[PDB]
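Structure first, commentary second.
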Amino acid sequence: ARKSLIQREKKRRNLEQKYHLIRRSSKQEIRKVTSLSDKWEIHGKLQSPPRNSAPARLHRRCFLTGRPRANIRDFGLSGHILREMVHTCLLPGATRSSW
Amino acid sequence: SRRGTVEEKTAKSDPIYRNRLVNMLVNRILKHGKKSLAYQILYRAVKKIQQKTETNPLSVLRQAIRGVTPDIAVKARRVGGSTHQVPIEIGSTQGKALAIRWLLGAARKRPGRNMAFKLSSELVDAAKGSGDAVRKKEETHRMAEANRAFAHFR
Amino acid sequence: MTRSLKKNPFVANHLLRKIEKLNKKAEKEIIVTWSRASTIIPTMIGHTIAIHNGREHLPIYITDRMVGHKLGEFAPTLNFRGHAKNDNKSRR
Amino acid sequence: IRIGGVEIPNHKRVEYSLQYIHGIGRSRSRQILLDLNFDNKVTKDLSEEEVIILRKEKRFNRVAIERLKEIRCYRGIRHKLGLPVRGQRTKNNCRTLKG
Amino acid sequence: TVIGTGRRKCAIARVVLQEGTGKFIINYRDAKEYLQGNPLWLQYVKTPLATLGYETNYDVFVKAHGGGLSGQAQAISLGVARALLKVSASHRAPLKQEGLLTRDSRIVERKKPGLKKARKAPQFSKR
Amino acid sequence: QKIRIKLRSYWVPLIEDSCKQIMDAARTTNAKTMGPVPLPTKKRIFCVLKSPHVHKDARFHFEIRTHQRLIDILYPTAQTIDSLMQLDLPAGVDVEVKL
RNA sequence: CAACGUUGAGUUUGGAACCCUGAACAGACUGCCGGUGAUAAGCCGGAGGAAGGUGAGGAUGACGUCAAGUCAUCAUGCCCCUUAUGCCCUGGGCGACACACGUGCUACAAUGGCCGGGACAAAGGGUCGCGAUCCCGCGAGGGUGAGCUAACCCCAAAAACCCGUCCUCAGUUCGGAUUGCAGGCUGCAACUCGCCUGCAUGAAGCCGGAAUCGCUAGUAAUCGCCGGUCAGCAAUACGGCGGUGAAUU
């Protein structure tokens with residue numbers, strides 16, 4: 001929700017299109033279990049570069065405020081503000097439901 | 001009573017013998033919504049009783065439950081401050097319903113074999129005078145007629 | 001006891017490199033470590049590894065009976081019943 | 001008849017009679033019916049040779065309890081004390097490992 | 001040929017009556033083959049034919065899809081009862097007396113939020 | 001038969017009037033068209049908490065009705081391509097052209 | 001997909017009748033008959049009808065009560081910190097314990113368990129995705145890889161139920177807690193902190209005091225499935241779907 005916390009996660013999004021764009025397929029060939037008995041340790045051992053880099057370290061956050069919890073993949077917003085948008089008229093096909 | 005009048009809630013009658021009051025015995029022995037296996041508890045107790053008795057399975061069912069059917073029971077009503085144990089006379093609609101509740105419990109409170117023998121045993125034990133089924137008819141009569149003075153006659 | 005082991009046991013680069021530099025002619029036992037997600041490799045025999053738990057570094061000995069362990073299960077996370085120094089009691 | 005160890009099975013069928021012995025469960029009682037070649041019949045109607053070839057299949061009782069207490073190692077913590085070893089709350093529950 | 005719909009819960013079963021021997025064929029299988037293992041609710045399928053007397057004269061073909069085994073069985077009973085109205089309009093009075101033309105509006109619907117099993121309210125701590 | 005077009009939107013009086021126009025303007029060109037046949041709607045139902053704190057009750061309901069309908073043209077003529085490509089009338093509908 | 005030609009698989013031509021599907025329209029309004037009732041209202045029954053007496057069930061919950069909750073969603077007054085209660089990183093912690101209380105789940109069985117065969121559902125999900133077929137592994141799963149951007153493909157082969165057989169109520173061919181050993185999978189990475197599989201171990205517990213909770217119909221009870229969150233913490237949390245189906249007033 002803070003401009004210091006959203007920024008810390010925006011720096012985790014910038015290296016996703018640098019390290020995980022092309023050189024991720026370089027380690028994805030040997031981290032998995034191959035059908036053959038010869039599985040190399042050399043690349044799984046020297047796997048030191050992804051310190052701050054990880055695809056699982058990414059949290060979606062709200063696009064208006066920025067809180068880590070209750071994020072829906074379709075909208076991208078959190079349950080408090082996602083509500084304020086549909087209670088007005090800011091999203092098409094977000095009417096009242098029965099069942 | 002005046003606002004909203006409902007008579008009774010009834011389902012489909014007895015399989016092939018055709019009876020609506022005997023269909024309440026399959027509905028009370030009903031465990032968690034299995035009417036398919038509840039049929040195997042009543043109809044197998046009809047198949048195993050013909051060797052123990054002589055006449056039709058509908059007759060021995062009615063001639064035995066008359067010893068389990070009560071005439072008067074106690075209800076808790078308060079008036080003035082003290083809780084009175086006033087006995088109200090039970091009719092034929094609630095009396096036939098109270099008879100199959102104590103025959104249900106007496107069958108389950110006898111861990112012998114299967115429910116096909118447990119219900120068949122408490123069916124003939126009501127005619128001679130044995131089991132926990134016939135004992136509850138004489139036990140409710142100990143609570144009643146002893147507190148006869150709390151209720152006036154009709 | 002069986003954890004998350006496939007083929008790669010995962011031992012940190014700052015763990016083995018500092019031990020292979022000490023396995024030249026065998027010298028020095030005391031070594032400081034922060035990573036508790038690392039696995040014990042058979043060349044850690046005789047070397048006293050001081051592992052972090054949040055509070056301080058606890059000097060633990062490594063033998064031949066401890067191969068498939070993580071060094072983190074050796075260092076106590078919190079204070080329960082085990083081996084610890086008797087603290088000076090103040091006012092009740 | 002003594003099949004092995006101290007525990008002697010009686011009057012029941014061969015699919016459960018072996019479950020009294022340590023090391024054999026519900027799966028390993030069916031596995032010794034392929035190499036031992038017999039059905040799931042009662043133990044009273046067998047043969048003198050059918051007990052000897054059944055005795056050759058396993059037999060490791062008493063010393064099977066010794067391999068469970070095994071070594072001690074460095075860890076094996078919360079076992080020497082008598083607590084759940086996992087992430088359970090020993091404050092209210094877990095009377096299975098306690099007295 | 002005479003058509004007839006007949007619904008129960010979420011089970012639809014189109015009944016088409018024709019004159020013949022008397023064999024009941026449900027979804028390319030017989031009446032005793034589809035509803036196997038002697039279900040008692042198989043007798044309710046043959047009830048609208050029993051009160052009028054048409055089982056030995058009329059043959060039937062029915063395609064059932066949706067619902068349960070007990071839900072499909074009451075869908076045939078209403079389907080034949082609505083189909084016995086088009087062959088003769090005089091067979092309405094002795095058939096409507098039992099309540100076979102009428103649809104059972106009972107449905108196991110939605111589970112309301114805040115509650116577990118629709119109506120079942122969560123129990124709080126006592127004093 | 002050949003060219004298949006998918007019309008997806010949210011409100012029903014908008015698509016039914018737009019798909020009816022691709023029937024009246026497609027029959028006067030050359031070949032016959034198969035009428036506007038609607039396929040089943042993919043209706044979603046999901047809940048979210050209203051109050052920003054401890055009030056698990058009073059949870060709402062949001063509906064996103066994706067009304068889909070199909071219309072097929074038999075033979076793709078030159079005068080049918082000059083009509084459908086220029087008739088860009090959708091205000092909130094999306095047209096997907098498949099072969 | 002009825003009728004008609006069938007590689008039996010709607011499979012093909014073909015047919016739109018029916019089911020389903022998606023927009024519209026018709027319909028219950030006590031309206032009609034009778035009785036009760038103050039020749040009112042309304043109630044109690046009946047007729048006709050798929051459906052009646054706000055049809056079932058949602059959404060929708062006024063003026064206001066508790067200065068009840070939230071300035072950790074956001075926004076804002078004031079105040080305070082501002083080489084700092086600001087900022088970065090590594091490891092740890094929040095899922096620590098002698099205990100207590102709340103809300104749930106799995107059982108004490110045999111209207112049950114187990115083995116084999118076997119009949120039907122609704123509603124939703126999915127392109128740094130859903131992932132069949134085949135091969136391999138006891139299994140989780142892995143290799144190869146088609147199709148579906150989707151009522152054309154996949155996620156599932158739904159479970160009770162049912163037939164036969166076995167057991168046949170001994171803490172048990174009930175119950176699974178716990179524990180050892182050996183693996184799989186997601187991710188830098190999972191000892192503390194994971195899910196799942198395989199093998200073995202296999203207790204507590206025989207329905208439970210005072211007290212106390214929900215529900216009147218397709219509800220209670222019970223049996224499966226799906227979704228959101230999400231790399232991963234898949235039937236035990238929440239939300240959503242259907243199967244079977246009462247009791248009493």
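We name chains A, B, ... following the order of the structure tokens; residues begin at 1 in each chain, and ligands are numbered from 1 as shown.
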At a cut-off of 9 Å, using only C-alpha atoms (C1' of nucleotides), what residues contact stretch 43-46 of chain A? Leave out same-chain residues fewer than 3 positions from it and give the result as a PDB file with N, CA and C atoms, in the first residue's frame.
```pdb
ATOM      1  N   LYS A  27      18.921 -23.040 -17.785  1.00  0.00           N
ATOM      2  CA  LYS A  27      18.942 -23.844 -16.561  1.00  0.00           C
ATOM      3  C   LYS A  27      17.773 -24.835 -16.490  1.00  0.00           C
ATOM      4  N   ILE A  30      18.435 -28.793 -17.364  1.00  0.00           N
ATOM      5  CA  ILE A  30      19.087 -29.695 -16.408  1.00  0.00           C
ATOM      6  C   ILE A  30      18.567 -29.731 -14.961  1.00  0.00           C
ATOM      7  N   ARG A  31      17.665 -28.813 -14.592  1.00  0.00           N
ATOM      8  CA  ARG A  31      17.098 -28.793 -13.229  1.00  0.00           C
ATOM      9  C   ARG A  31      16.065 -29.912 -13.056  1.00  0.00           C
ATOM     10  N   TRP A  40      23.493 -33.815 -14.641  1.00  0.00           N
ATOM     11  CA  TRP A  40      24.575 -32.962 -14.149  1.00  0.00           C
ATOM     12  C   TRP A  40      24.280 -32.067 -12.951  1.00  0.00           C
ATOM     13  N   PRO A  49      23.322 -16.944  -9.338  1.00  0.00           N
ATOM     14  CA  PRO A  49      22.722 -15.670  -9.783  1.00  0.00           C
ATOM     15  C   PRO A  49      21.271 -15.268  -9.400  1.00  0.00           C
TER      16      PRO A  49
ATOM     17  N   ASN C   8      19.737 -33.296  -7.182  1.00  0.00           N
ATOM     18  CA  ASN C   8      20.527 -32.140  -6.758  1.00  0.00           C
ATOM     19  C   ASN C   8      20.164 -31.883  -5.287  1.00  0.00           C
ATOM     20  N   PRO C   9      21.106 -32.142  -4.346  1.00  0.00           N
ATOM     21  CA  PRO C   9      20.862 -31.937  -2.910  1.00  0.00           C
ATOM     22  C   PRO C   9      20.808 -30.468  -2.486  1.00  0.00           C
ATOM     23  N   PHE C  10      21.384 -29.607  -3.329  1.00  0.00           N
ATOM     24  CA  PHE C  10      21.494 -28.154  -3.140  1.00  0.00           C
ATOM     25  C   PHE C  10      22.391 -27.768  -1.963  1.00  0.00           C
ATOM     26  N   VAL C  11      23.651 -27.509  -2.294  1.00  0.00           N
ATOM     27  CA  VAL C  11      24.661 -27.073  -1.341  1.00  0.00           C
ATOM     28  C   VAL C  11      25.170 -25.748  -1.919  1.00  0.00           C
ATOM     29  N   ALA C  12      25.158 -24.708  -1.086  1.00  0.00           N
ATOM     30  CA  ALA C  12      25.574 -23.355  -1.470  1.00  0.00           C
ATOM     31  C   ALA C  12      27.020 -23.226  -1.951  1.00  0.00           C
ATOM     32  N   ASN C  13      27.243 -22.276  -2.861  1.00  0.00           N
ATOM     33  CA  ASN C  13      28.563 -22.011  -3.441  1.00  0.00           C
ATOM     34  C   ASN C  13      29.555 -21.400  -2.461  1.00  0.00           C
TER      35      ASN C  13
END
```
- Item | Selection near residue G:156, 12 Å with only C-alpha atoms (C1' of nucleotides), sequence-local residues under 6 positions removed, as a list in words | residues 224, 225 and 226 of chain G
- Task: Run DSSP on the backbone and give me the residues of chain F it puts in alpha helix (DSSP H), as a ChimeraX atom specification.
- Result: /F:12-18,21-24,78-84
Okay, now the selection with N, CA, C and O atoms, as a CSV table (one decimal), in the first residue's frame?
```
chain,number,residue,atom,x,y,z
F,12,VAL,N,-27.4,-8.0,-23.6
F,12,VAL,CA,-28.1,-8.7,-24.7
F,12,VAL,C,-28.8,-7.9,-25.8
F,12,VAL,O,-28.9,-8.4,-27.0
F,13,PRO,N,-29.4,-6.7,-25.5
F,13,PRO,CA,-30.0,-5.9,-26.6
F,13,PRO,C,-29.1,-5.3,-27.7
F,13,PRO,O,-29.5,-4.8,-28.7
F,14,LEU,N,-27.8,-5.4,-27.4
F,14,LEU,CA,-26.7,-4.8,-28.3
F,14,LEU,C,-26.2,-5.8,-29.3
F,14,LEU,O,-26.1,-5.4,-30.5
F,15,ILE,N,-26.0,-7.1,-28.9
F,15,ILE,CA,-25.6,-8.1,-29.8
F,15,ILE,C,-26.6,-8.7,-30.7
F,15,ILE,O,-26.4,-9.0,-31.9
F,16,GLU,N,-27.9,-8.8,-30.2
F,16,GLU,CA,-29.0,-9.3,-30.9
F,16,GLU,C,-29.4,-8.4,-32.1
F,16,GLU,O,-30.0,-8.9,-33.1
F,17,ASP,N,-29.1,-7.1,-32.0
F,17,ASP,CA,-29.4,-6.1,-33.0
F,17,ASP,C,-28.3,-6.0,-34.0
F,17,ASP,O,-28.5,-5.5,-35.1
F,18,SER,N,-27.1,-6.4,-33.5
F,18,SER,CA,-25.9,-6.3,-34.4
F,18,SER,C,-25.7,-7.6,-35.2
F,18,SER,O,-25.2,-7.5,-36.3
F,21,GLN,N,-28.2,-7.7,-38.1
F,21,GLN,CA,-27.7,-6.8,-39.2
F,21,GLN,C,-26.8,-7.6,-40.1
F,21,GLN,O,-26.7,-7.3,-41.3
F,22,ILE,N,-26.1,-8.6,-39.6
F,22,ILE,CA,-25.2,-9.5,-40.4
F,22,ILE,C,-26.0,-10.6,-41.0
F,22,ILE,O,-25.4,-11.6,-41.5
F,23,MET,N,-27.3,-10.5,-41.0
F,23,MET,CA,-28.2,-11.5,-41.6
F,23,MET,C,-29.0,-10.9,-42.7
F,23,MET,O,-29.2,-11.5,-43.8
F,24,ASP,N,-29.4,-9.6,-42.5
F,24,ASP,CA,-30.1,-8.8,-43.5
F,24,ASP,C,-29.2,-8.2,-44.5
F,24,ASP,O,-29.7,-8.0,-45.7
F,78,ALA,N,-17.2,-12.0,-53.2
F,78,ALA,CA,-16.4,-10.7,-53.2
F,78,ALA,C,-17.2,-9.5,-52.7
F,78,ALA,O,-16.7,-8.6,-52.1
F,79,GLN,N,-18.6,-9.6,-52.8
F,79,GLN,CA,-19.5,-8.5,-52.4
F,79,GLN,C,-19.8,-8.7,-50.9
F,79,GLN,O,-20.4,-7.8,-50.3
F,80,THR,N,-19.5,-9.8,-50.3
F,80,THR,CA,-19.8,-10.1,-48.9
F,80,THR,C,-18.6,-9.7,-48.0
F,80,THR,O,-18.8,-9.3,-46.9
F,81,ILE,N,-17.4,-9.6,-48.6
F,81,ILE,CA,-16.2,-9.2,-48.0
F,81,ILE,C,-16.1,-7.6,-47.9
F,81,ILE,O,-15.6,-7.1,-46.9
F,82,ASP,N,-16.7,-7.0,-48.9
F,82,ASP,CA,-16.8,-5.5,-49.0
F,82,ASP,C,-17.8,-4.9,-48.0
F,82,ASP,O,-17.8,-3.7,-47.7
F,83,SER,N,-18.7,-5.8,-47.5
F,83,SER,CA,-19.8,-5.4,-46.6
F,83,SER,C,-19.4,-5.6,-45.2
F,83,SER,O,-19.4,-4.6,-44.4
F,84,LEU,N,-19.0,-6.8,-44.8
F,84,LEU,CA,-18.6,-7.2,-43.4
F,84,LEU,C,-17.3,-6.6,-42.8
F,84,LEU,O,-17.2,-6.4,-41.6
```
At most 10 Å is the cut-off: for each residue in chain G with any atom that close to an atom of chain F, write down the nearest atom pair and the distance in Å rounded to one decimal, counting only C-alpha atoms (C1' of nucleotides), chain first then increasing number, as a Markdown table.
```
| residue | atom | partner | partner_atom | distance |
| --- | --- | --- | --- | --- |
| G:20 | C1' | F:40 | CA | 9.8 |
| G:21 | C1' | F:40 | CA | 5.7 |
| G:22 | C1' | F:38 | CA | 4.8 |
| G:23 | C1' | F:12 | CA | 7.9 |
| G:59 | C1' | F:61 | CA | 9.5 |
| G:69 | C1' | F:53 | CA | 7.2 |
| G:70 | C1' | F:53 | CA | 5.8 |
| G:73 | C1' | F:52 | CA | 7.1 |
| G:124 | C1' | F:44 | CA | 7.7 |
| G:151 | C1' | F:40 | CA | 6.1 |
| G:227 | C1' | F:46 | CA | 8.2 |
| G:228 | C1' | F:46 | CA | 6.9 |
| G:238 | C1' | F:47 | CA | 9.4 |
| G:239 | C1' | F:47 | CA | 6.4 |
| G:240 | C1' | F:45 | CA | 7.3 |
```
- Query: How far is it from atom CA of residue B:116 to atom CA of residue B:95, in Å with one decimal?
  - Reply: 24.6 Å
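For the choices D:30, D:98, D:41, D:12, the atom-to-atom distance to residue D:78 is smallest for D:98 when using only C-alpha atoms.
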- Message: What's around residue E:9 at 12 Å? Count only C-alpha atoms (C1' of nucleotides), leave out sequence neighbours fewer than 4 positions away in its own chain, and write the answer as a PyMOL selection string.
- Response: (chain E and resi 13+65-75+103-109) or (chain G and resi 121-122+218+242-243)
- Item | Nearest to residue D:75, chosen from G:212, G:229, G:66, G:191, with only C-alpha atoms (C1' of nucleotides) counted in the distances | G:191
Using only C-alpha atoms, tabulate the residues of chain F lying at most 8 Å from any atom of chain E, each with its closest atom pair and that distance in Å to one decimal, by chain and increasing residue number, as CSV.
```
residue,atom,partner,partner_atom,distance
F:56,CA,E:114,CA,7.7
F:57,CA,E:114,CA,5.7
F:58,CA,E:114,CA,7.7
F:59,CA,E:113,CA,7.4
```
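Pairwise distance (atom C1' of residue G:160, atom CA of residue E:123) equals 27.5 Å.
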Within 10 Å of residue B:10, counting only C-alpha atoms (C1' of nucleotides), which residues qualify if same-chain residues fewer than 5 places away don't, as a PDB file with N, CA and C atoms, in the first residue's frame?
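selection20.pdb written:
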```
ATOM      1  N   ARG B  20     -49.906 -46.392   4.403  1.00  0.00           N
ATOM      2  CA  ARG B  20     -49.225 -45.122   4.681  1.00  0.00           C
ATOM      3  C   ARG B  20     -48.665 -44.957   6.099  1.00  0.00           C
ATOM      4  N   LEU B  21     -49.228 -45.698   7.057  1.00  0.00           N
ATOM      5  CA  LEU B  21     -48.792 -45.643   8.458  1.00  0.00           C
ATOM      6  C   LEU B  21     -47.562 -46.510   8.746  1.00  0.00           C
ATOM      7  N   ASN B  23     -45.294 -46.821   6.450  1.00  0.00           N
ATOM      8  CA  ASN B  23     -44.267 -46.104   5.694  1.00  0.00           C
ATOM      9  C   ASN B  23     -43.526 -45.083   6.571  1.00  0.00           C
ATOM     10  N   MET B  24     -44.010 -44.900   7.801  1.00  0.00           N
ATOM     11  CA  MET B  24     -43.381 -43.994   8.761  1.00  0.00           C
ATOM     12  C   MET B  24     -42.281 -44.733   9.524  1.00  0.00           C
TER      13      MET B  24
END
```
- Could you pull the residues within 9 Å of residue C:61, counting only C-alpha atoms (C1' of nucleotides), minus those fewer than 5 positions along the same chain, as a list in words?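 My list of contacting residues is residues 45, 46, 47, 48, 49 and 50 of chain C.
For the pair atom CA of residue B:92 and atom CA of residue B:32, the separation is 27.8 Å.
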- Test item: residues at most 8 Å from residue C:77, only C-alpha atoms (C1' of nucleotides), excluding those fewer than 3 positions along its chain, as a PyMOL selection string: (chain C and resi 53-54) or (chain G and resi 92+192)
- Query: Which of these residues is nearest to chain A, using only C-alpha atoms: C:6, C:89, C:28, C:70?
  - Reply: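 Selected residue with least distance to chain A: C:6.
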- Message: Which of chain C end up as strand (DSSP E) when DSSP is run on this backbone - answer as an MDAnalysis selection string?
- Response: chainID C and resid 31:33 49:52 57:60
- Item | Neighbours of chain B in chain E at 10 Å, counting only C-alpha atoms, as number ranges by chain | E: 39-41, 43-44
Between chain G and chain D, at 9 Å or less, what are the per-residue closest atom pairs and their distances in Å? Count only C-alpha atoms (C1' of nucleotides), order by chain and rising residue number, and return it as a tab-separated table.
```
residue	atom	partner	partner_atom	distance
G:95	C1'	D:87	CA	6.2
G:96	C1'	D:89	CA	8.9
G:97	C1'	D:91	CA	5.2
G:98	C1'	D:91	CA	7.9
G:99	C1'	D:91	CA	6.9
G:100	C1'	D:92	CA	8.7
G:173	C1'	D:16	CA	6.3
G:177	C1'	D:96	CA	6.6
G:178	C1'	D:96	CA	6.0
G:179	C1'	D:68	CA	8.3
G:180	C1'	D:68	CA	5.2
G:181	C1'	D:68	CA	8.8
G:193	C1'	D:87	CA	7.7
G:199	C1'	D:28	CA	8.4
G:200	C1'	D:23	CA	5.3
G:201	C1'	D:22	CA	7.8
G:203	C1'	D:96	CA	6.3
G:204	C1'	D:96	CA	7.0
```
Residues of the last selection are to be written out with C-alpha atoms (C1' of nucleotides), as a PDB file, in the first residue's frame.
```pdb
ATOM      1  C1'   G G  95       2.408 -22.918  11.749  1.00  0.00           C
ATOM      2  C1'   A G  96       6.896 -21.289  19.638  1.00  0.00           C
ATOM      3  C1'   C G  97       4.521 -24.350  25.088  1.00  0.00           C
ATOM      4  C1'   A G  98       2.661 -26.880  31.732  1.00  0.00           C
ATOM      5  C1'   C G  99      -2.479 -25.373  30.319  1.00  0.00           C
ATOM      6  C1'   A G 100      -7.743 -22.959  28.891  1.00  0.00           C
ATOM      7  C1'   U G 173     -10.220 -57.813   7.700  1.00  0.00           C
ATOM      8  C1'   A G 177      -3.221 -40.468  15.172  1.00  0.00           C
ATOM      9  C1'   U G 178       2.019 -41.241  15.701  1.00  0.00           C
ATOM     10  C1'   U G 179       6.812 -43.243  14.220  1.00  0.00           C
ATOM     11  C1'   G G 180      10.759 -45.342  11.297  1.00  0.00           C
ATOM     12  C1'   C G 181      12.987 -46.254   6.100  1.00  0.00           C
ATOM     13  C1'   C G 193       7.844 -24.906   7.451  1.00  0.00           C
ATOM     14  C1'   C G 199       6.506 -49.868   2.930  1.00  0.00           C
ATOM     15  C1'   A G 200       6.005 -50.783   7.897  1.00  0.00           C
ATOM     16  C1'   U G 201       4.061 -49.270  12.924  1.00  0.00           C
ATOM     17  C1'   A G 203      -2.824 -45.713  19.865  1.00  0.00           C
ATOM     18  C1'   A G 204      -6.775 -42.634  21.581  1.00  0.00           C
TER      19        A G 204
END
```
